[PDB]
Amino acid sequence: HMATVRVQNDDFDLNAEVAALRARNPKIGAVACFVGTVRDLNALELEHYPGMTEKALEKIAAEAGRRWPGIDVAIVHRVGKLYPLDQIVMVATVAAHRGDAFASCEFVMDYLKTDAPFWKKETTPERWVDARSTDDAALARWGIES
């Protein structure tokens, strides 16, 4: 089975997503997850490229599966207008052992934040700008340079 990846406007339910991830993998029980929320410092509006963004998230998830055989991965990323304290994205992984669960979850989040094509609204007389991270050393921990 392939990793679960979707982009949606509606909010997600972390328990429900973790439960579904677990139900696909009954013989392993180490689950690591990450939930990012809109930080409340004094709004965010995101869009994706339908198809292209999902395919990139699926490539990232498949690369995690190549590095840590036996894991499973779930990714749910929201788009649209997101307000302070709103959930933005969740990543959950399950593995036999916690080490692989933590590593794969953080790898997926790092790669998603660097490479998954998203755009964010920016208002200047308003436009859509690249939301990918500009940190050209983020993936160096994972053996990926430049």
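In this text, residue numbers run from 1 along the sequence as written.
Can you say how many deposited residues have no coordinates in the span between residue 42 and residue 43, choosing none, 1 to 3, 4 to 9, or 10 or more?
The entry leaves 4 to 9 residues without coordinates here.
Unmodelled residues of the deposited sequence between residue 125 and residue 126: none, 1 to 3, 4 to 9, or 10 or more?
Unresolved stretch here: 1 to 3 residues.
Comparing 134 to 142 with 8 to 16, the one whose average Cα B-factor in the PDB entry is higher
It is 134 to 142.
On mean Cα temperature factor in this entry, is 62 to 70 or 114 to 122 the higher one?
So the stretch with the higher mean C-alpha B-factor is 114 to 122.
Based on the deposited C-alpha B factors for this chain, I'd like to know if residue 35 is in the lowest, middle or highest third.
Tercile = lowest for this residue's CA B-factor.
Chain-relative CA temperature factor third for residue 105:
Lowest third of the chain for residue 105's C-alpha B-factor.
Among modelled residues of the same chain, the CA temperature factor third for residue 97
Middle third.
Among the modelled residues of its chain, does the C-alpha B-factor of residue 78 lie in the lowest, middle or highest third?
Tercile = lowest for this residue's CA B-factor.
Lowest, middle or highest third: which one holds residue 52 when the chain's residues are ordered by CA B-factor from the entry?
CA B-factor rank for residue 52: highest third.
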